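[1] Model the structure of this input:
(10 chains)
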Amino acid sequence: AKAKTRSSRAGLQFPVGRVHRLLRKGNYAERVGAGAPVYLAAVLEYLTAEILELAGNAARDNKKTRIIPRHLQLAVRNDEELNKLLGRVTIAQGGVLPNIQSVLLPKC
Amino acid sequence: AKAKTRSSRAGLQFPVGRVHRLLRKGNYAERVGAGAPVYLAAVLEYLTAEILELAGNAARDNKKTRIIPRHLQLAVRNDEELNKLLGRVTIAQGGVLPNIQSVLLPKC
Amino acid sequence: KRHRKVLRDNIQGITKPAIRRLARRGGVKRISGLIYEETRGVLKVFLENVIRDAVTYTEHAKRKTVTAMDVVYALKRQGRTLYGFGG
Amino acid sequence: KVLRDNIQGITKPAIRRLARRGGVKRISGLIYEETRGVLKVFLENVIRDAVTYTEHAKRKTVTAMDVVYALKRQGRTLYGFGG
Amino acid sequence: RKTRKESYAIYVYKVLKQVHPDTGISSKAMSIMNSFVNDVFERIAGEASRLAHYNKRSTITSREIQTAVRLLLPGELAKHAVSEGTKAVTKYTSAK
Amino acid sequence: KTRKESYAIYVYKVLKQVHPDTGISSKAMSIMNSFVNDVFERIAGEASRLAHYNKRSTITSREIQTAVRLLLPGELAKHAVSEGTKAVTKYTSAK
Amino acid sequence: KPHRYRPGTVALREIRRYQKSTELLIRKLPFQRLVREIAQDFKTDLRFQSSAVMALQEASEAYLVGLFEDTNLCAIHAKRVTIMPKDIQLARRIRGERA
Amino acid sequence: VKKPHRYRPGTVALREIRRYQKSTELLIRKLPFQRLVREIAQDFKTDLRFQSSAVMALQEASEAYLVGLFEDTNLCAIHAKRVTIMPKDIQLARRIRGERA
DNA sequence: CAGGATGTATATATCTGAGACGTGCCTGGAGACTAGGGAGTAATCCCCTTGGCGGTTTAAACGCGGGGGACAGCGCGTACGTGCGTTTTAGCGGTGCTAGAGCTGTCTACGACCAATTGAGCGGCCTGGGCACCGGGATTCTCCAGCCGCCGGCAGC
DNA sequence: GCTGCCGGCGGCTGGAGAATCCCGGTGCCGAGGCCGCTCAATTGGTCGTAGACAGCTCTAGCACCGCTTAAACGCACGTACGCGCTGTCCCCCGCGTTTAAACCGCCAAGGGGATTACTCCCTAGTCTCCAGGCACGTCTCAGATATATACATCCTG
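    Numbers count the residues shown, from 1 in each chain, chains lettered A, B, ... in the order given. Right below this line is the structure:
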């Protein structure tokens, strides 16, 4: 009969069959459940949506309609919790957050 | 007939069959080669023997015939080649080495 | 008086002598009357990270008792693995 | 002046601008050579694992996959080059 | 010309069309996002499998990954992610 | 009931074959057990990760060897690969 | 008239003495109560194993021994012998738990 | 005649600090770094080649590590009631960082 | 500037006592002997992308000069951390004394396993048009730098 | 006294590099339609991890009193803190100019990578044997004292 993707019935634009296959062939466990790939796709979708919104806000700040890896670095390092999550991560073409020690500044 | 263990055939004192079973059930790969458990048992035997002669030398220095975690730390933290491997790990009832900064020492 | 023994003001129980001995083990010659609160603070922060992970492990295990497995296991998770507790 | 060590290719202005991006306004005169030493130490540490990964591949090239894997193994992940 | 590789490009683009519908994404940024999502997926799956081995279980269900994300992500992302996973699994089970 | 598992007797034999007149305490004995288990898990994870990178579904002695090269520093790595190689050749001589 | 050690003689004696020891530094029921008190916040109605409490105490003890090593090193770099809060703050900043 | 225009010592340094902090460009030249990495990797495998992507990734990882180490070094320098980063400062920062000992 | 008296440590003789080291017992794990079956391995070949070559061209690094402000040694006010004496307060501890839930065994069932079709999601493969970039140039933005009334001494008388 | 004089004081405008911003067109290429292929869904049946239920029992949580031990307060003080003076001298900031980065183009080719037949190295099943965990069980050799002195420390003459 008529077929339909599992992502449509799972309410997520992220794939379900793809994550299922990745879990299957990734040598993690002997078996995985049916809802486990759905949950993993959902959490991955949330993570990408959050980081993409944080980067797009910085993109509009820098008046760019296209997301550049510098925007991704700014979004990652600006959010304290996201910075804690990606603490030991080196970004491509991102640079560093602009900060200067106040002691090095002149008297006035 | 005439069953003989793999540890004896490899001339090792660590269980090759047990290591192979752990690799099989540890979800590391779909298949495991024959010589991989032998190599693993050999390297674990070398490392154990290594730290063991350090611990025995420390105990003989401390004129004791029993091995305690104090000897284990005193042996591990003296040689930096083993420190680079065990610099992140701490052991139970370990303590530290008697190191005093030269400035904290008196005038003479 | 069967259960629900809520405790408060227990961080202070680490005495100033106690921090003095801890720092002597660390190898200091002198001290200030100002560390005794921030060392307590780093204590509390460390423990919330450890037992937070430990109770998440326990809750995943469908059990209430926190074995030494959970604490050493979360400790290995934090990159500060501990030897000598069945690891 | 054409035969020079490749470590000296890391020049004083380049390390100075690296420090400036770091956020330090004043640098002493004995920082350059020791920073060169620590930089080369980090390089040998990462490239040892990189070349080991390449020899595992039974290949003579060092593609970006080996270097990102070596950096991740050392404790510094990196994004954008595959993954 | 052959061996079509696999990546999360279309999925990240689709997510972008629902967060910033009039915003583009650079190719380098696309590679960074693909690598980041692959790394996060690998870390989460490794934690889930590691816990499955820990409690002597041989299957990975939504509970294992739920405990993994509650274990991995700190702060508000943990609760938001577990809520998203719960609503997604309930939606999937409702219409099977 | 429910027989447990430990690396006690093996480290025991190792210390007896390198120190005939030295004993080991129980807590240090469990420390040795944790040491062995941690290193074993580290090597096994490295080998599995290498096999997954190289699109390999099996783990031979070669991935173990490379993990030993890349994980332990210098002299320990070279000595350990030497012992592993001689052990694997001896085992393959009469399998 | 009375005999008094110089201000640091007994300090150095304590450094050279207590460093060679390996027992637990601080009394036990303090950590027991403290660990129960903190664990109450995350989840109530818990049940601890003794080995778990020993492991927590030893881990914390080692963590602060290393920390005091770092702060002593920072202080000795600052051309001083005493230690101050900024030493602990600097050591935790470079280590990376707060960053 | 008028003394030629000069910035005070320690201001153009801050200006270029601001300039580099907002720039994501590669602070190390392509060719000297490639020469250095090949000269330091030839000992591991004689006549070994690299990919362009691999070498730029390695260089940028090195820059990120060195810039973070320098920022920690500057933090320690300002901690030690000074502004000049000294060799003892960089050694101390490395040794707290856990990479040296 | 060289010794004496002293709170510290050092051996060290019995007490004295939890626990490394066997030791049976048994058993589930290791191992030997067969189907069998695809994972990797040489063999093959086809791009390809990496090394190598040599003009521009040009930003950039290097050696040098002037100077200024950062740093380090010397001296001093001080506050305060330490050694120590005298309380006192909570920990140690061996003791029952109590229940709590991990833990093992067993029955069950349902959810993942895998198979044979079947169709579409998407990776690729162009492809035109839409967005980032470069240069000139006008606009701010700080930076440092001397002029001078106001201000406070600074000597006589 | 009551005039001269003498230096700082900081407040300000003004001269002067750099940073920023808009237009302007030119490149460059993220974004979008097409094809089929490669994998994902889907029926159809299985069988085996993981839940339940029924206990069992080891282990978790408590208080209690001798008691002593270390915790706590306060006490004098000599030190180490924090800082001011000063005096280099060593980094800084421009400047000319030498040089090597890059970019440009075009090859040559060692090698990365997709297909192929298979074989043989591993896996799956049964049966067989035994190494190792466990429950004891000791006799120890490992600890643990109180003792007698070295010692190095703070002074004295």
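
[2] And the residue nearest the centre of chain C?
    residue C:47 (3.9 Å; CA atoms, centre = their mean).

[3] cool, chain A as well?
    residue A:48 (3.6 Å).

[4] isn't residue G:96 right up against residue A:87?
    Yes. Counting by CB atoms under 8 Å, residue G:96 touches residue A:87, with 6.5 Å between them. Quick note: C-beta positions are derived from backbone N, CA and C, even for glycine.

[5] Which residue of those two possesses the greater neighbour count?
    residue G:96 (15 against 12; other CB atoms under 10 Å in any protein chain shown).

[6] which residues does the more buried one contact?
    A:87, A:88 (CB atoms under 8 Å, 6 or more residues apart in numbering or on different chains).

[7] how close does it get to residue H:76?
    Per CB to CB, to the nearest Å, residue G:96 is found 14 Å from residue H:76.

[8] With residue G:25 instead?
    28 Å.

[9] repeat for residue G:90
    7 Å.

[10] Count the neighbours of the residue lying closest to residue C:87 once chain neighbours are set aside for me.
    Residue nearest to residue C:87 in three dimensions, not counting chain neighbours: residue F:34, with 3.5 Å by CB to CB, 6 or more residues apart in numbering or on different chains. Using other CB under 10 Å, residue F:34 has 23 neighbouring residues.

[11] next one: residue A:77
    18.

[12] sorry, back to before: list the residues that contact the residue nearest to the centre of chain A.
    Counting by CB under 8 Å, 6+ apart, residue A:48 touches A:14, E:11, E:12, E:15, E:33, E:37.

[13] on that earlier part again, the residue nearest to the centre of chain C: what secondary structure?
    Under the three-state scheme (DSSP: H, G, I helix; E, B strand; the rest coil), residue C:47 adopts helix.

[14] and the nearest residue to it once chain neighbours are set aside, how far is that from chain E?
    Distances taken as CB to CB, 6+ apart put residue G:38 closest to residue C:47, at 5.1 Å, once the chain neighbours are dropped. Per CB to the nearest CB, to the nearest Å, residue G:38 is found 17 Å from chain E.

[15] what's residue E:35 in contact with, if anything?
    Counted by CB under 8 Å, 6+ apart, residue E:35 has contacts D:79, D:80, D:81, D:82, D:83.

[16] Am I right that it is in a helix?
    Yes. Under three-state DSSP, residue E:35 sits within a helix.

[17] Could you measure from it over to chain G?
    22 Å.

[18] again with residue E:79
    Distance, residue E:79 to chain G, using CB to the nearest CB: 14 Å.

[19] Which residues of chain A lie near chain B?
    A:27, A:28, A:29, A:30 (CB under 8 Å from any CB of the partner chain).

[20] For the residue in chain C that chain G sits nearest to, the count of nearby residues, please.
    At 2.8 Å from chain G, residue C:26 is the closest residue in chain C, using CB to the nearest CB. When neighbours are counted by other CB under 10 Å, residue C:26 registers 22.

[21] so the closest residue to it other than its chain neighbours, which of the three states?
    The spatially closest residue to residue C:26, leaving aside those adjacent along the chain, is residue G:68, at 2.8 Å (CB to CB, 6+ apart). Following three-state DSSP, we place residue G:68 in the helix state.

[22] Just to check, residue G:68 is in contact with residue C:21?
    No. With contact defined as CB under 8 Å, residue G:68 does not reach residue C:21; the gap is 10.6 Å.

[23] Name the residue in the two with the higher neighbour count.
    residue G:68 (25 against 16).

[24] if I pick that one, what's in contact with it?
    Taking CB under 8 Å, 6+ apart, one finds C:22, C:23, C:25, C:26, C:27, C:28, G:83 in contact with residue G:68.

[25] again with residue E:28
    When contacts are counted by CB under 8 Å, 6+ apart, residue E:28 touches A:68, A:69, A:92, A:93, D:80.

[26] Mind picking the one among those that's closest to chain F?
    residue D:80 (18.1 Å).

[27] Residue of chain E closest to chain C, please.
    Counting by CB to the nearest CB, chain E gets nearest to chain C through residue E:67 (4.1 Å).

[28] and that residue, what element?
    Assigned by DSSP states H and E, residue E:67 falls within helix E:62-72.

[29] mind checking how far that helix is from the chain centre?
    11 Å (CA atoms, centre = their mean, to the nearest Å).

[30] I'd like to know which elements that helix is packed against.
    Judged by 3 or more CB pairs under 8 Å, 6 or more residues apart in numbering or on different chains; DSSP states H and E, the packing partners of helix E:62-72 are helix A:35-61, helix C:35-60, helix E:27-54, helix E:76-94.

[31] redo that, cut-off 10 Å
    strand A:31-32, helix A:35-61, helix C:35-60, helix C:68-77, helix E:27-54, helix E:76-94 (3 or more CB pairs under 10 Å, 6 or more residues apart in numbering or on different chains; DSSP states H and E).

[32] can that helix be found next to DNA strand I?
    No. With CB under 7 Å from any atom of the strand as the criterion, DNA strand I is not reached by helix E:62-72; the gap is at least 8.4 Å.

[33] Now do that helix and helix A:35-61, the angle between them.
    40 degrees (axes from the mean of the first three to the mean of the last three CA atoms, to 10 degrees).

[34] got a list of contacts for stretch C:2-13?
    C:36-37, C:40-41, C:43-44, C:47, G:26-27, G:29-38, G:40, G:44-45 (CB atoms under 10 Å, 6 or more residues apart in numbering or on different chains).
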